[PDB]
Amino acid sequence: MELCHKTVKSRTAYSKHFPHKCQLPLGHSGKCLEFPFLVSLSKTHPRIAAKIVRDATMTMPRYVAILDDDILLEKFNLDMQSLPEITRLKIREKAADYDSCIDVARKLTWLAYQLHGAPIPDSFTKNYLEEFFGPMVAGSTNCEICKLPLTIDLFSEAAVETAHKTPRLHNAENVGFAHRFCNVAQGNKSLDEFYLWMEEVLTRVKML
Amino acid sequence: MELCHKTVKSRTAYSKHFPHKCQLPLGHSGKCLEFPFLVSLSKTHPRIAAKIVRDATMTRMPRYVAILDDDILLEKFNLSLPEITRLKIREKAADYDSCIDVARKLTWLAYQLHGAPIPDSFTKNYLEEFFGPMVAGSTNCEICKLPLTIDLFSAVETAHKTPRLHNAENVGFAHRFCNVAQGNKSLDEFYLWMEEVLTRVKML
């Protein structure tokens, strides 16, 4: 589909200098929204919707953490040169453009409706997300590391976190959900490196 | 062997109520010392020596202090706080003797690291008495099972094979990655977890 992309009215700091964008279809029979695919979820599970937005959008916003020092200082009043080297480094480590952050939000909502125990999504949400990522398959959502089926009750606050299959890549394809344990075990390795690692370790331990 | 164990002079908070003990062999000449097996290392690798002492004795508060109850903590040590700091301090509590044991084991491991300096005869003979012959480059990640190098100590962490067990048999070194990965699982549970993970991914 083609998206609205019209500027969404906001009282956000970012909104004073940059636009939040309409994510409704270009056609669009109402008021223009940033997170339409989350409306039902916000109605049924407020903290899950909010956690999806936060993990998709925040570190300050990831699409602010990508802006250069001059723009931070002048338009947001952030003197990066004041902060110690390490916090500048970590801030940059979390950077992602605006569209990517929204993409991630969409992916995570799509995964969430396929959790065991998930609410049933309305037809708009279902069709909109399915258009992006394919048919929803009930109960298919697993830990990206564990490969264990996740239940929505886990998201209750955590025990579940947002995962990046390959380190430092913030887009729809690369994200999912993971047990806290599995997510911290993976650390700075990609999935394939992590599995390869486990394989070598076990080989070694089975020797002697 | 038989150990000195006479009180060692300290300006420490613990020492006003409990002793620091000589760990030289009983009837030693010279002054009595708590960490004799570490003086040589402290000369060339003070950071490593310091890490060994911290990991063996500390939790902020010593492990052998944290094995004492709140009443003695307010009375003897004059210490009332959040719960996830309190029981978290309780978690890693161990007897003073076990702590020193851990320090011995860690030093014995350190002298067997690739690139390790060579121990002096006192240190070598003393530690080998407790743990057996040092063999060069034998020190491996407790988890990875790969050989460790001394330059990793600029990372490496002290590992516990079984959680909640601070003794010589149970401790070793581990790459930072391997050690955080293990989290709160024993070694066997961690390997078993890996096997389940690989089994599931090979099916997909």
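How each quantity is defined
- Residues numbered from 1 in each chain as written, not as in the entry; some residues may be left out.
- Chains lettered and ligands numbered in written order.
- Heavy atoms only, no water.
- Residues with missing side-chain atoms left out of burial classes, pairs and counts.
- Contact = heavy atoms within 4.5 Å.
- Buried area = accessible area lost by both parts, 1.4 Å probe.
- Salt bridge = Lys/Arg side-chain N within 4 Å of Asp/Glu carboxyl O.
- Polar contact = N/O pair within 3.5 Å; in protein donor to acceptor, adjacent residues only side chain to side chain.
- Helix = DSSP H or I, 4+ residues; strand = E, 2+ residues; numbered from the N terminus.
- Buried < 20%, exposed > 50% of the residue type's maximum accessible area, 1.4 Å probe, protein only.
- Domains from an automatic or database assignment.
- Core = buried A, V, L, I, M, F, W, Y, C linked by side-chain atoms within 4.5 Å.
- Nonpolar A, V, L, I, M, F, W, Y, C, P; charged D, E, K, R; others polar.
- Disulfide = S-S within 2.5 Å.
- Axes fitted to C-alpha atoms, helices over the stretch in contact; angles between N-to-C directions.
- Parallel < 35°, antiparallel > 145°, perpendicular 65-115°, else oblique.
- Left-handed = near helix turned anticlockwise from the far one by under 90°.
- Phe/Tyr/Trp six-rings, centres within 6.5 Å; stacked < 30°, edge-to-face > 60°.

As for the interface of chain B and chain A
Move 1: Contacts between chain B and chain A engage 22 residues on the former and 22 residues on the latter.
Move 2: Across the interface of chain B and chain A, roughly 1900 Å² is buried in total on both sides, 79% from carbon and sulfur atoms.
Move 3: Area buried by chain B at its contact with chain A is led by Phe177, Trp193 and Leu198 of chain B, which between them contribute 31% of it.
Move 4: Put simply, chain B and chain A have 2 salt bridges between them.
Move 5: The shortest N-O distance in the salt bridge between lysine 202 of chain B and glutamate 199 of chain A comes to 2.9 Å.
Move 6: Along the contact surface separating chain B from chain A lie 3 residue pairs in polar contact.
Move 7: Contributions of two or more residues to the side of chain B that touches chain A are made by helix 7 (176-182) and helix 8 (187-202) of chain B.
Move 8: A total of 10 residues in the side of chain B that touches chain A trace back to one element, the largest contributor, which is helix 8 of chain B.

Some words on the side chain of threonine 162 of chain A
Residues and elements named next belong to chain A.
Move 1: Looking at the secondary structure, you find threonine 162 in strand 3 (residues 160-164).
Move 2: In this structure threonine 162 comes out as buried when scored by relative accessible area, which is 12%.
Move 3: Only 3.0 Å separates the side chain of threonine 162 from the side chain of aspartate 55, close enough to count as a polar contact.
Move 4: Setting aside anything within four residues of it in sequence, one finds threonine 162 in contact with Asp55, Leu108, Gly176, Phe177 and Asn183.

A few points about the domain arrangement of chain B
Residues and elements named next belong to chain B.
Move 1: For chain B, the domain assignment lists domain 1 (1-134) and domain 2 (135-204).
Move 2: Taking the mean C-alpha position of each, domain 1 and domain 2 sit 23 Å from one another.
Move 3: Taken together, the contacts link 26 residues of domain 1 with 21 residues of domain 2.
Move 4: Of the roughly 2000 Å² buried between domain 1 and domain 2 on both sides combined, carbon and sulfur atoms contribute 64%.

Overview of the nonpolar core
Move 1: Counting residues in each nonpolar core, the largest one holds 109 residues, and the members touching the most others are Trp197 and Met198 of chain A together with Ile52, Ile143, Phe173, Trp193 and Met194 of chain B.
Move 2: Apart from residues no more than four positions distant in its own chain, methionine 194 of chain B is found in contact with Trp197, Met198, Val201 and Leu202 of chain A.
Move 3: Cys4, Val8, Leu24 and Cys32 of chain A belong to the second-largest nonpolar core, a separate cluster that totals 5 residues.

A closer look at the domain arrangement of chain A
Residues and elements named next belong to chain A.
Move 1: Under the domain assignment used here, chain A contains domain 1 (1-136) and domain 2 (137-208).
Move 2: Counting residues at the interface gives 26 residues for domain 1 and 21 residues for domain 2.
Move 3: Sorting the residues of the side of domain 1 that touches domain 2 by element identifies helix 2 (46-57) and helix 5 (98-112) as the ones contributing at least two each.
Move 4: Looking at the side of domain 1 that touches domain 2 element by element, the count peaks at 8 residues for helix 5.
Move 5: A breakdown of the residues in the side of domain 1 that touches domain 2 according to their chemical character gives 14 nonpolar, 5 polar and 7 charged.

Regarding the state of the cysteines
Move 1: The full count for this structure, using the stated rule, is 10 disulfides over all chains.
Move 2: Across the disulfide from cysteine 4 of chain A sits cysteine 22 of chain A; the S-S distance is 2.1 Å. Disulfide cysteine 4 of chain A to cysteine 22 of chain A: torsion about the S-S bond roughly 80°, handedness right-handed. On the criterion of sequence distance, the pair formed by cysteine 4 of chain A in the segment before strand 1 (7-8) and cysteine 22 of chain A in the loop between strand 2 (20-21) and helix 1 (39-44) is long-range, its members being 18 residues apart.
Move 3: Each sulfur in the disulfide pair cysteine 4 of chain B and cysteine 22 of chain B lies 2.1 Å from the other. Judged by the sign of its S-S torsion, about 85°, the bond between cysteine 4 of chain B and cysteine 22 of chain B is right-handed. Within this pair, whereas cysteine 4 of chain B is found in the segment before helix 1 (39-44), its partner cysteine 22 of chain B is found in the segment before helix 1, the two being separated by 18 residues in sequence. For the pair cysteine 4 of chain B and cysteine 22 of chain B, a shared accessibility class is recorded, and that class is buried.

Some points on the packing of helix 5 (residues 96-110) of chain B against helix 6 (residues 121-131) of chain B
Residues and elements named next belong to chain B.
Move 1: Look at helix 5 against helix 6: their axes get within 10 Å of each other, and the N-to-C directions meet at 110°. Here helix 6 runs roughly perpendicular to helix 5, going by the angle between their axes. Remark: the crossing between helix 5 and helix 6 carries left-handed chirality. Here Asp101, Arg104, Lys105, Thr107 and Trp108 of helix 5 come into contact with helix 6, specifically with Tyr126, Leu127, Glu128, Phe130 and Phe131.

What to know about the packing of aromatic side chains
Move 1: If you walk through the whole model with that rule in mind, you get 32 aromatic pairs over all chains.
Move 2: Taking the centre distance of 6.3 Å and the plane angle of 10° together, the rings of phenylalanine 18 of chain A and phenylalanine 76 of chain A count as stacked.
Move 3: For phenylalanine 18 of chain A, a relative accessible area of 26% corresponds to the partly exposed category.
Move 4: With relative accessibility at 18%, the residue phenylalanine 76 of chain A sits in the buried group.
Move 5: Plain terms: the ring middles of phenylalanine 130 of chain B and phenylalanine 131 of chain B are 6.1 Å apart, the flat faces sit at 40° to each other, and that makes the pair tilted.

Focus on the packing of helix 8 (residues 191-207) of chain A against helix 8 of chain B
Move 1: Put simply, helix 8 of chain A and helix 8 of chain B touch, their axes get as near as 10 Å, and they point 125° apart. As far as their axial angle goes, helix 8 of chain B and helix 8 of chain A are oblique. Note that helix 8 of chain A runs across helix 8 of chain B; the crossing there is left-handed. For the pair helix 8 of chain A and helix 8 of chain B, the contacting residues are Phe194, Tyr195, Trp197, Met198, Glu199, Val201, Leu202, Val205 and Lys206 of chain A in the first and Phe190, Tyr191, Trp193, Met194, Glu195, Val197, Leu198, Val201 and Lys202 of chain B in the second.
Move 2: Of the residues assigned to the contact of helix 8 of chain A with helix 8 of chain B, the class counts are 14 nonpolar, no polar and 4 charged.

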